[PDB]
$ cat target_29.tsv   # TSV, C-alpha atoms and all ligand atoms
chain	number	residue	atom	x	y	z
A	2	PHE	CA	-41.15	15.66	84.78
A	3	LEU	CA	-38.67	12.90	83.96
A	4	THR	CA	-36.05	13.74	81.34
A	5	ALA	CA	-35.57	11.29	78.49
A	6	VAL	CA	-32.23	9.56	77.95
A	7	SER	CA	-32.27	10.62	74.29
A	8	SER	CA	-32.34	14.30	75.34
A	9	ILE	CA	-28.50	14.28	75.34
A	10	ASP	CA	-26.06	12.88	72.79
A	11	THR	CA	-24.13	10.44	74.99
A	12	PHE	CA	-26.30	7.34	74.46
A	13	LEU	CA	-27.62	7.92	70.95
A	14	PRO	CA	-25.24	5.38	69.32
A	15	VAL	CA	-26.35	2.50	71.55
A	16	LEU	CA	-30.02	3.53	71.49
A	17	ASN	CA	-29.82	3.26	67.70
A	18	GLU	CA	-28.68	-0.35	68.28
A	19	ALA	CA	-30.98	-1.58	71.02
A	20	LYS	CA	-34.54	-2.19	72.12
A	21	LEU	CA	-35.69	-1.77	75.72
A	22	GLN	CA	-37.24	-4.76	77.52
A	23	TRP	CA	-39.29	-3.89	80.62
A	24	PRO	CA	-40.64	-5.15	82.98
A	25	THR	CA	-40.00	-8.59	81.48
A	26	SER	CA	-38.41	-9.57	78.18
A	27	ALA	CA	-41.50	-8.13	76.50
A	28	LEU	CA	-40.84	-5.11	74.32
A	29	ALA	CA	-41.14	-1.77	76.13
A	30	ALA	CA	-39.62	0.48	73.48
A	31	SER	CA	-38.15	-0.05	70.04
A	32	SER	CA	-34.90	1.58	69.04
A	33	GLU	CA	-36.90	4.23	67.18
A	34	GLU	CA	-39.03	4.93	70.25
A	35	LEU	CA	-35.89	5.19	72.40
A	36	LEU	CA	-34.35	7.74	70.04
A	37	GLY	CA	-37.72	9.48	69.98
A	38	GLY	CA	-37.70	10.24	73.70
A	39	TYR	CA	-39.25	7.23	75.42
A	40	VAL	CA	-39.10	7.83	79.18
A	41	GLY	CA	-40.52	6.46	82.45
A	42	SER	CA	-39.42	5.97	86.04
A	43	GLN	CA	-37.84	2.69	84.85
A	44	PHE	CA	-35.65	4.42	82.24
A	45	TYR	CA	-34.76	8.11	82.47
A	46	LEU	CA	-31.84	10.54	82.49
A	47	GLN	CA	-30.50	11.18	85.99
A	48	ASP	CA	-28.35	14.23	86.82
A	49	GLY	CA	-28.55	15.23	83.13
A	50	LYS	CA	-25.86	12.60	82.62
A	51	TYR	CA	-26.78	9.02	83.49
A	52	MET	CA	-28.99	6.51	81.67
A	53	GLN	CA	-30.71	5.09	84.74
A	54	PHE	CA	-32.51	1.75	84.87
A	55	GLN	CA	-34.85	0.73	87.69
A	56	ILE	CA	-36.77	-2.50	88.28
A	57	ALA	CA	-38.42	-4.45	91.10
A	58	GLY	CA	-39.54	-8.08	91.09
A	59	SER	CA	-37.83	-11.46	90.87
A	60	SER	CA	-36.42	-12.04	87.36
A	61	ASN	CA	-37.87	-8.77	86.10
A	62	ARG	CA	-35.70	-6.41	84.08
A	63	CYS	CA	-35.27	-3.02	82.51
A	64	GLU	CA	-32.58	-3.84	79.93
A	65	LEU	CA	-31.30	-2.86	76.51
A	66	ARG	CA	-31.01	-5.76	74.06
A	67	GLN	CA	-28.63	-5.46	71.11
A	68	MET	CA	-30.31	-4.85	67.74
A	69	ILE	CA	-29.12	-4.43	64.17
A	70	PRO	CA	-28.56	-0.67	63.77
A	71	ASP	CA	-30.88	1.87	62.15
A	72	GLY	CA	-34.23	0.27	62.90
A	73	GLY	CA	-33.10	-3.31	62.38
A	74	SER	CA	-34.26	-6.58	63.89
A	75	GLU	CA	-32.71	-8.65	66.68
A	76	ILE	CA	-29.02	-9.36	66.17
A	77	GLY	CA	-27.38	-12.75	66.50
A	78	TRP	CA	-23.66	-13.47	66.31
A	79	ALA	CA	-21.36	-16.35	67.22
A	80	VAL	CA	-18.36	-16.60	69.52
A	81	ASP	CA	-16.44	-18.38	66.75
A	82	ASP	CA	-17.32	-16.19	63.75
A	83	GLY	CA	-13.79	-14.71	63.72
A	84	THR	CA	-14.88	-11.16	64.54
A	85	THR	CA	-14.22	-9.39	67.81
A	86	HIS	CA	-17.49	-8.51	69.55
A	87	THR	CA	-17.10	-5.73	72.07
A	88	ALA	CA	-19.36	-4.01	74.61
A	89	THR	CA	-18.16	-1.09	76.74
A	90	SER	CA	-19.74	0.72	79.66
A	91	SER	CA	-19.10	3.12	82.52
A	92	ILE	CA	-21.43	2.30	85.42
A	93	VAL	CA	-22.29	3.93	88.71
A	94	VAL	CA	-23.77	1.17	90.85
A	95	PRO	CA	-25.42	2.87	93.85
A	96	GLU	CA	-25.94	1.22	97.19
A	97	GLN	CA	-28.82	-1.19	96.63
A	98	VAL	CA	-31.91	-1.15	98.81
A	99	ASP	CA	-32.76	-3.96	101.21
A	100	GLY	CA	-34.20	-6.96	99.44
A	101	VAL	CA	-32.06	-6.54	96.31
A	102	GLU	CA	-29.50	-9.38	96.29
A	103	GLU	CA	-28.10	-9.52	92.75
A	104	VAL	CA	-28.45	-7.20	89.75
A	105	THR	CA	-27.19	-8.25	86.32
A	106	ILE	CA	-25.83	-5.16	84.56
A	107	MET	CA	-24.28	-6.55	81.36
A	108	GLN	CA	-24.75	-9.81	79.51
A	109	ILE	CA	-23.89	-11.97	76.58
A	110	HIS	CA	-27.09	-13.99	75.97
A	111	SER	CA	-28.30	-16.32	73.22
A	112	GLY	CA	-31.61	-17.87	72.20
A	113	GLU	CA	-31.55	-20.16	75.21
A	114	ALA	CA	-28.96	-19.20	77.84
A	115	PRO	CA	-26.68	-16.52	79.33
A	116	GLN	CA	-23.10	-17.03	78.18
A	117	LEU	CA	-22.01	-14.23	80.52
A	118	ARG	CA	-23.63	-12.17	83.25
A	119	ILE	CA	-21.77	-9.31	84.95
A	120	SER	CA	-23.70	-8.68	88.14
A	121	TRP	CA	-23.58	-6.75	91.36
A	122	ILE	CA	-23.87	-9.16	94.31
A	123	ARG	CA	-24.70	-8.36	97.94
A	124	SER	CA	-22.92	-11.36	99.47
A	125	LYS	CA	-21.44	-14.58	98.10
A	126	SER	CA	-18.56	-16.99	98.59
A	127	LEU	CA	-16.45	-18.00	95.59
A	128	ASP	CA	-13.70	-20.61	95.73
A	129	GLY	CA	-13.72	-20.49	99.52
A	130	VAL	CA	-13.49	-16.68	99.84
A	131	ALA	CA	-16.41	-14.62	101.13
A	132	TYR	CA	-17.11	-11.36	99.30
A	133	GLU	CA	-19.62	-8.59	99.93
A	134	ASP	CA	-20.92	-5.70	97.79
A	135	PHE	CA	-19.02	-6.60	94.66
A	136	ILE	CA	-19.18	-7.08	90.91
A	137	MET	CA	-18.99	-10.67	89.64
A	138	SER	CA	-18.77	-12.48	86.32
A	139	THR	CA	-20.74	-15.69	85.79
A	140	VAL	CA	-19.80	-17.55	82.59
A	141	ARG	CA	-21.69	-20.62	81.42
A	142	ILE	CA	-19.56	-23.43	80.00
A	143	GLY	CA	-22.61	-25.73	79.75
A	144	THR	CA	-26.39	-25.79	80.15
A	145	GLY	CA	-26.49	-27.96	83.27
A	146	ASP	CA	-27.36	-26.78	86.74
A	147	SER	CA	-24.36	-28.14	88.65
A	148	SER	CA	-21.50	-25.84	89.62
A	149	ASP	CA	-19.25	-27.33	86.91
A	150	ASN	CA	-21.38	-25.55	84.27
A	151	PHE	CA	-20.25	-22.14	85.54
A	152	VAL	CA	-17.09	-20.12	86.09
A	153	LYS	CA	-17.79	-17.39	88.66
A	154	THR	CA	-15.15	-14.71	89.32
A	155	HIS	CA	-14.85	-11.70	91.60
A	156	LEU	CA	-14.19	-8.75	89.30
A	157	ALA	CA	-14.03	-5.77	91.67
A	158	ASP	CA	-15.54	-4.41	94.84
A	159	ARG	CA	-18.38	-2.00	94.08
A	160	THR	CA	-17.20	1.61	93.98
A	161	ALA	CA	-19.20	4.73	94.67
A	162	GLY	CA	-17.75	6.25	91.52
A	163	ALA	CA	-18.07	5.16	87.92
A	164	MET	CA	-16.49	1.82	87.04
A	165	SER	CA	-15.53	1.04	83.45
A	166	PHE	CA	-16.18	-2.35	81.88
A	167	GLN	CA	-15.26	-3.87	78.57
A	168	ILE	CA	-16.36	-7.27	77.28
A	169	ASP	CA	-14.54	-8.74	74.28
A	170	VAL	CA	-15.24	-12.02	72.50
A	171	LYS	CA	-13.01	-13.29	69.72
A	172	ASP	CA	-12.21	-16.80	68.45
A	173	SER	CA	-14.20	-18.47	71.22
A	174	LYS	CA	-12.46	-16.57	74.04
A	175	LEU	CA	-13.80	-13.95	76.45
A	176	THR	CA	-11.88	-11.07	78.05
A	177	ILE	CA	-13.31	-8.71	80.67
A	178	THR	CA	-11.49	-5.48	81.54
A	179	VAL	CA	-12.47	-3.47	84.62
A	180	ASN	CA	-11.16	0.07	85.14
A	181	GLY	CA	-8.55	-0.60	82.48
A	182	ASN	CA	-7.21	-3.84	84.00
A	183	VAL	CA	-7.81	-7.26	82.46
A	184	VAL	CA	-9.54	-9.38	85.09
A	185	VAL	CA	-10.82	-12.26	82.96
A	186	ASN	CA	-8.19	-13.19	80.38
A	187	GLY	CA	-9.27	-15.44	77.52
A	188	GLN	CA	-11.94	-17.52	79.24
A	189	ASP	CA	-12.99	-20.41	77.01
A	190	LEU	CA	-16.38	-20.01	75.30
A	191	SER	CA	-15.88	-22.89	72.84
A	192	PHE	CA	-18.86	-24.76	74.32
A	193	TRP	CA	-20.92	-22.18	72.42
A	194	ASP	CA	-19.18	-22.65	69.05
A	195	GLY	CA	-21.80	-22.65	66.31
A	196	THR	CA	-24.46	-20.86	68.35
A	197	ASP	CA	-25.30	-17.94	66.05
A	198	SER	CA	-27.89	-16.26	68.29
A	199	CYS	CA	-25.63	-14.40	70.76
A	200	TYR	CA	-26.15	-10.72	71.57
A	201	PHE	CA	-25.21	-8.13	74.16
A	202	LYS	CA	-27.50	-6.76	76.88
A	203	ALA	CA	-27.09	-4.10	79.56
A	204	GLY	CA	-29.23	-2.40	82.18
A	205	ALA	CA	-30.77	-3.91	85.30
A	206	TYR	CA	-31.97	-7.51	85.60
A	207	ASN	CA	-33.02	-8.41	89.14
A	208	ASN	CA	-32.01	-11.87	90.34
A	209	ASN	CA	-33.25	-13.67	93.48
A	210	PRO	CA	-34.42	-10.70	95.55
A	211	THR	CA	-35.86	-11.37	98.98
A	212	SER	CA	-38.58	-8.77	98.46
A	213	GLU	CA	-40.37	-8.44	95.14
A	214	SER	CA	-41.12	-4.80	95.97
A	215	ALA	CA	-37.44	-3.80	96.29
A	216	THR	CA	-36.29	-1.61	93.38
A	217	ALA	CA	-32.88	-2.25	91.84
A	218	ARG	CA	-31.28	0.87	90.36
A	219	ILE	CA	-28.24	1.20	88.05
A	220	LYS	CA	-26.77	4.34	86.43
A	221	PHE	CA	-24.83	4.20	83.17
A	222	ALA	CA	-22.45	7.05	82.36
A	223	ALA	CA	-21.62	5.36	79.01
A	224	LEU	CA	-22.65	2.25	77.05
A	225	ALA	CA	-21.77	1.10	73.53
A	226	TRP	CA	-21.46	-1.89	71.27
A	227	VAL	CA	-18.16	-1.27	69.41
A	228	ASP	CA	-18.18	-2.46	65.77
A	229	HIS	CA	-14.72	-3.59	64.71
A	230	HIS	CA	-15.72	-3.56	61.03
A	231	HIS	CA	-16.95	0.07	60.87
A	232	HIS	CA	-20.20	-0.37	59.00
A	301	LIG	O1	-22.97	-19.32	94.49
A	301	LIG	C1	-23.05	-20.35	93.76
A	301	LIG	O2	-22.09	-20.67	93.01
A	301	LIG	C2	-24.28	-21.20	93.76
A	301	LIG	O3	-24.95	-20.88	92.49
A	301	LIG	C3	-25.95	-21.88	92.00
A	301	LIG	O4	-26.03	-21.84	90.55
A	301	LIG	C4	-26.37	-20.55	90.07
A	301	LIG	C5	-25.48	-20.23	88.91
A	301	LIG	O5	-24.13	-19.99	89.40
A	301	LIG	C6	-25.95	-19.03	88.16
A	301	LIG	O6	-25.63	-17.86	88.94
A	301	LIG	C7	-27.44	-19.07	87.86
A	301	LIG	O7	-27.82	-17.83	87.24
A	301	LIG	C8	-29.18	-17.80	86.71
A	301	LIG	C9	-29.80	-16.54	87.20
A	301	LIG	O8	-29.96	-16.53	88.66
A	301	LIG	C10	-31.14	-16.30	86.57
A	301	LIG	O9	-32.01	-17.36	86.95
A	301	LIG	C11	-31.05	-16.28	85.03
A	301	LIG	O10	-30.23	-15.37	84.64
A	301	LIG	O11	-30.47	-17.66	84.65
A	301	LIG	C12	-29.12	-17.82	85.23
A	301	LIG	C13	-28.64	-19.14	84.69
A	301	LIG	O12	-29.47	-20.09	84.56
A	301	LIG	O13	-27.45	-19.28	84.36
A	301	LIG	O14	-28.27	-19.31	89.07
A	301	LIG	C14	-27.84	-20.59	89.64
A	301	LIG	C15	-28.67	-20.93	90.83
A	301	LIG	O15	-28.88	-22.15	91.09
A	301	LIG	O16	-29.14	-20.00	91.55
A	301	LIG	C16	-25.71	-23.34	92.35
A	301	LIG	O17	-24.82	-23.89	91.33
A	301	LIG	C17	-25.12	-23.54	93.69
A	301	LIG	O18	-24.76	-24.94	93.84
A	301	LIG	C18	-23.92	-22.67	93.91
A	301	LIG	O19	-23.41	-22.90	95.23
A	302	LIG	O1	-36.98	-15.80	79.28
A	302	LIG	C1	-36.75	-14.62	78.91
A	302	LIG	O2	-37.42	-13.68	79.41
A	302	LIG	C2	-35.70	-14.33	77.89
A	302	LIG	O3	-36.32	-13.40	76.92
A	302	LIG	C3	-35.36	-12.99	75.87
A	302	LIG	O4	-35.96	-12.12	74.91
A	302	LIG	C4	-36.63	-12.82	73.85
A	302	LIG	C5	-38.06	-13.11	74.23
A	302	LIG	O5	-38.59	-14.12	73.31
A	302	LIG	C6	-38.94	-11.91	74.17
A	302	LIG	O6	-40.31	-12.31	74.38
A	302	LIG	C7	-38.83	-11.20	72.83
A	302	LIG	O7	-39.17	-12.03	71.72
A	302	LIG	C8	-39.58	-11.30	70.56
A	302	LIG	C9	-38.50	-11.06	69.56
A	302	LIG	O8	-38.98	-10.08	68.59
A	302	LIG	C10	-38.11	-12.28	68.80
A	302	LIG	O9	-37.02	-11.97	67.91
A	302	LIG	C11	-39.29	-12.79	67.97
A	302	LIG	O10	-39.07	-12.52	66.66
A	302	LIG	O11	-40.58	-12.15	68.42
A	302	LIG	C12	-40.70	-12.13	69.88
A	302	LIG	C13	-42.00	-11.54	70.30
A	302	LIG	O12	-42.74	-11.00	69.44
A	302	LIG	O13	-42.33	-11.58	71.52
A	302	LIG	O14	-37.42	-10.73	72.71
A	302	LIG	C14	-36.57	-11.94	72.58
A	302	LIG	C15	-35.17	-11.54	72.30
A	302	LIG	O15	-34.32	-12.44	72.10
A	302	LIG	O16	-34.85	-10.33	72.24
A	302	LIG	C16	-34.16	-12.27	76.49
A	302	LIG	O17	-34.65	-11.02	77.04
A	302	LIG	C17	-33.51	-13.13	77.53
A	302	LIG	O18	-32.47	-12.33	78.19
A	302	LIG	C18	-34.47	-13.69	78.55
A	302	LIG	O19	-33.81	-14.70	79.34

$ encode --input "target_29.tsv" --output "structure tokens"
Amino acid sequence: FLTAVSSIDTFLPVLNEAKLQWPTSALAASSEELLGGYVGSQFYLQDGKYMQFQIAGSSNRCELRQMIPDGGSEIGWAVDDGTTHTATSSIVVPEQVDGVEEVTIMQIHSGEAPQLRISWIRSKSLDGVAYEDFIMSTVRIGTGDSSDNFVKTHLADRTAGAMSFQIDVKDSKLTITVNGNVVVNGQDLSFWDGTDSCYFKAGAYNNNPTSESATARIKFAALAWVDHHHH
């Protein structure tokens, strides 16, 4: 039988601050249900250690969505509220099966758009350089569809071992740290000033697969939203 993620202590803080969306943005499990041992092939404890997400289908997901702690409702914060908003993770991204082309593993999202997606990418060219099997950031600086609405950055080549990430937002600027090294340093998020519906997400969100049957799979060794005010 599949072991529940809540069976160990490692993820209890974030599970107390998240709902699970699967296989779409529809609710799969409340925070209380997650802490109560919710489990399925889409969300289970692997190796007694990893919170593992799995999902197949274009634009489908198995993802945690940041909630107000202790049974609260959906959270919404703003890039310019003066507080530092921080998400941390340690992720083992396995080799992805054929047909999986891009898997979003962490986000900043709002009511209407993704401010940031950190994603594994099979193959893509950025600023004239071709990259394969790597982790990328995509930041929106507008809601348009043209390339000038995005800043896309190679963060790191995918590693077999765990890779640490940290996302920080403060005073309308974004920093991303990968394995302890700042890779994105103060990217401007001021386009989003005044949007008070932002929140963190993490898990697996499957983007533009070439087979809707192909199952994306992502293993978290650690995940947290870090509260700088210590509530
Ligand atoms: O490689 C490129 O830069 C090409 O990307 C195209 O634009 C992307 C855009 O960068 C971004 O990745 C976007 O991401 C969406 C995602 O796939 C999901 O649909 C959902 O999360 O919503 C995201 C979003 O709307 O921001 O997808 C688009 C895309 O068109 O596929 C083009 O800009 C292309 O010209 C460019 O070469
Ligand atoms: O297009 C998407 O799939 C986007 O969905 C987003 O989640 C939303 C979405 O509306 C979802 O159905 C659900 O909405 C709930 C939620 O409780 C909301 O606060 C409202 O009060 O009731 C809705 C309901 O009863 O269905 O969750 C929403 C949310 O913001 O959490 C995100 O998953 C996006 O990432 C996604 O692009």

$ atom_distance --input "target_29.tsv" --atom1 "atom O18 of ligand LIG 301 (chain A)" --atom2 "atom CA of residue A:115"
16.9 Å

$ closest_atom_pairs --input "target_29.tsv" --of "stretch 135-158 of chain A" --to "stretch 121-130 of chain A" --cutoff "7 Å" --atoms "only C-alpha atoms" --output "CSV"
residue,atom,partner,partner_atom,distance
A:135,CA,A:122,CA,5.5
A:136,CA,A:121,CA,4.4
A:137,CA,A:121,CA,6.3

$ residues_near_ligand --input "target_29.tsv" --ligand "ligand LIG 301 (chain A)" --cutoff "7 Å" --atoms "all atoms listed in the file" --output "ChimeraX atom specification"
/A:60,114-115,125-127,139,141,146-148,151,153,208-209

$ residues_around --input "target_29.tsv" --residues "residue A:70" --least-positions-apart "3" --cutoff "8 Å" --atoms "all atoms listed in the file" --output "list in words"
residues 17, 18, 19 and 73 of chain A

$ residues_near_ligand --input "target_29.tsv" --ligand "ligand LIG 302 (chain A)" --cutoff "7 Å" --atoms "only C-alpha atoms and all ligand atoms" --output "ChimeraX atom specification"
/A:22,25-28,66,75,110,112,114

$ write_last_selection --input "target_29.tsv" --atoms "C-alpha atoms" --output "mmCIF file, in the coordinates of the input"
data_model
loop_
_atom_site.group_PDB
_atom_site.id
_atom_site.type_symbol
_atom_site.label_atom_id
_atom_site.label_comp_id
_atom_site.auth_asym_id
_atom_site.auth_seq_id
_atom_site.Cartn_x
_atom_site.Cartn_y
_atom_site.Cartn_z
ATOM 1 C CA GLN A 22 -37.240 -4.760 77.520
ATOM 2 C CA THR A 25 -40.000 -8.590 81.480
ATOM 3 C CA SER A 26 -38.410 -9.570 78.180
ATOM 4 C CA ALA A 27 -41.500 -8.130 76.500
ATOM 5 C CA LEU A 28 -40.840 -5.110 74.320
ATOM 6 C CA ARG A 66 -31.010 -5.760 74.060
ATOM 7 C CA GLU A 75 -32.710 -8.650 66.680
ATOM 8 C CA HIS A 110 -27.090 -13.990 75.970
ATOM 9 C CA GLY A 112 -31.610 -17.870 72.200
ATOM 10 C CA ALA A 114 -28.960 -19.200 77.840
#

$ atom_distance --input "target_29.tsv" --atom1 "atom CA of residue A:220" --atom2 "atom CA of residue A:93"
5.0 Å

$ residues_around --input "target_29.tsv" --residues "stretch 167-177 of chain A" --least-positions-apart "6" --cutoff "12 Å" --atoms "all atoms listed in the file" --output "NGL selection string"
:A and (78-92 or 107-109 or 116-119 or 136-142 or 152 or 154-157 or 183-196 or 199-203 or 223-229)

$ closest_residue --input "target_29.tsv" --among "A:182, A:216, A:31, A:47" --to "residue A:103" --atoms "only C-alpha atoms"
A:216

$ residues_around --input "target_29.tsv" --residues "stretch 217-219 of chain A" --least-positions-apart "4" --cutoff "8 Å" --atoms "only C-alpha atoms" --output "MDAnalysis selection string"
chainID A and resid 53:57 92:95 97:98 101 104 106 204:205 207

$ write_last_selection --input "target_29.tsv" --atoms "C-alpha atoms" --output "compact mmCIF listing (two decimals), in the frame of the given file"
# COMPACT_ATOMS: atom_id res chain seq x y z
CA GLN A 53 -30.71 5.09 84.74
CA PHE A 54 -32.51 1.75 84.87
CA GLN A 55 -34.85 0.73 87.69
CA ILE A 56 -36.77 -2.50 88.28
CA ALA A 57 -38.42 -4.45 91.10
CA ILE A 92 -21.43 2.30 85.42
CA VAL A 93 -22.29 3.93 88.71
CA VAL A 94 -23.77 1.17 90.85
CA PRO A 95 -25.42 2.87 93.85
CA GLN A 97 -28.82 -1.19 96.63
CA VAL A 98 -31.91 -1.15 98.81
CA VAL A 101 -32.06 -6.54 96.31
CA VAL A 104 -28.45 -7.20 89.75
CA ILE A 106 -25.83 -5.16 84.56
CA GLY A 204 -29.23 -2.40 82.18
CA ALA A 205 -30.77 -3.91 85.30
CA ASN A 207 -33.02 -8.41 89.14

$ atom_distance --input "target_29.tsv" --atom1 "atom CA of residue A:51" --atom2 "atom CA of residue A:221"
5.2 Å

$ residues_around --input "target_29.tsv" --residues "residue A:37" --least-positions-apart "4" --cutoff "12 Å" --atoms "all atoms listed in the file" --output "PyMOL selection string"
chain A and resi 5-9+13+16-17+30-33

$ build_atoms --input "target_29.tsv" --residues "stretch 55-82 of chain A" --atoms "N, CA and C atoms" --output "short mmCIF file (atom, residue, chain, number, x, y, z; two decimals), in the coordinates of the input"
data_model
loop_
_atom_site.label_atom_id
_atom_site.label_comp_id
_atom_site.auth_asym_id
_atom_site.auth_seq_id
_atom_site.Cartn_x
_atom_site.Cartn_y
_atom_site.Cartn_z
N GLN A 55 -34.28 1.18 86.42
CA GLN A 55 -34.85 0.73 87.69
C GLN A 55 -35.85 -0.40 87.47
N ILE A 56 -35.84 -1.38 88.38
CA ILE A 56 -36.77 -2.50 88.28
C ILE A 56 -36.89 -3.19 89.62
N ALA A 57 -38.12 -3.60 89.95
CA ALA A 57 -38.42 -4.45 91.10
C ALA A 57 -39.05 -5.74 90.60
N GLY A 58 -38.90 -6.80 91.37
CA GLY A 58 -39.54 -8.08 91.09
C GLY A 58 -38.54 -9.15 90.70
N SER A 59 -38.77 -10.38 91.16
CA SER A 59 -37.83 -11.46 90.87
C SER A 59 -37.85 -11.79 89.38
N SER A 60 -36.66 -11.75 88.76
CA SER A 60 -36.42 -12.04 87.36
C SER A 60 -36.97 -10.98 86.42
N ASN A 61 -37.47 -9.88 86.95
CA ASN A 61 -37.87 -8.77 86.10
C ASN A 61 -36.63 -8.00 85.65
N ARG A 62 -36.82 -7.15 84.65
CA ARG A 62 -35.70 -6.41 84.08
C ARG A 62 -36.15 -5.07 83.52
N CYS A 63 -35.19 -4.16 83.42
CA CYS A 63 -35.27 -3.02 82.51
C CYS A 63 -33.91 -3.02 81.82
N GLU A 64 -33.84 -3.48 80.57
CA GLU A 64 -32.58 -3.84 79.93
C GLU A 64 -32.62 -3.49 78.46
N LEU A 65 -31.50 -3.02 77.94
CA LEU A 65 -31.30 -2.86 76.51
C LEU A 65 -30.81 -4.18 75.94
N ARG A 66 -31.31 -4.51 74.75
CA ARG A 66 -31.01 -5.76 74.06
C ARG A 66 -30.49 -5.40 72.68
N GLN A 67 -29.30 -5.88 72.33
CA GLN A 67 -28.63 -5.46 71.11
C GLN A 67 -29.45 -5.75 69.85
N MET A 68 -29.57 -4.73 69.00
CA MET A 68 -30.31 -4.85 67.74
C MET A 68 -29.40 -4.46 66.59
N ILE A 69 -29.76 -4.94 65.39
CA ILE A 69 -29.12 -4.43 64.17
C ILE A 69 -29.38 -2.93 64.07
N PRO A 70 -28.39 -2.12 63.69
CA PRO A 70 -28.56 -0.67 63.77
C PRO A 70 -29.61 -0.14 62.81
N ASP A 71 -30.03 1.10 63.07
CA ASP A 71 -30.88 1.87 62.15
C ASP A 71 -32.22 1.17 61.90
N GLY A 72 -32.91 0.85 62.99
CA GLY A 72 -34.23 0.27 62.90
C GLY A 72 -34.28 -1.21 62.60
N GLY A 73 -33.16 -1.92 62.75
CA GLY A 73 -33.10 -3.31 62.38
C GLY A 73 -33.69 -4.25 63.41
N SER A 74 -33.69 -5.53 63.05
CA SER A 74 -34.26 -6.58 63.89
C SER A 74 -33.21 -7.07 64.89
N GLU A 75 -33.60 -8.08 65.67
CA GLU A 75 -32.71 -8.65 66.68
C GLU A 75 -31.44 -9.19 66.04
N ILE A 76 -30.30 -8.88 66.65
CA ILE A 76 -29.02 -9.36 66.17
C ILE A 76 -28.71 -10.73 66.77
N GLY A 77 -27.90 -11.48 66.04
CA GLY A 77 -27.38 -12.75 66.50
C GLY A 77 -26.01 -12.98 65.91
N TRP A 78 -25.01 -13.19 66.76
CA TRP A 78 -23.66 -13.47 66.31
C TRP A 78 -23.12 -14.68 67.08
N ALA A 79 -21.94 -15.12 66.69
CA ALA A 79 -21.36 -16.35 67.22
C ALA A 79 -19.99 -16.08 67.80
N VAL A 80 -19.64 -16.81 68.87
CA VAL A 80 -18.36 -16.60 69.52
C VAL A 80 -17.20 -16.98 68.61
N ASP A 81 -17.47 -17.86 67.64
CA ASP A 81 -16.44 -18.38 66.75
C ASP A 81 -16.60 -17.89 65.32
N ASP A 82 -17.19 -16.72 65.11
CA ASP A 82 -17.32 -16.19 63.75
C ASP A 82 -16.07 -15.45 63.27
#
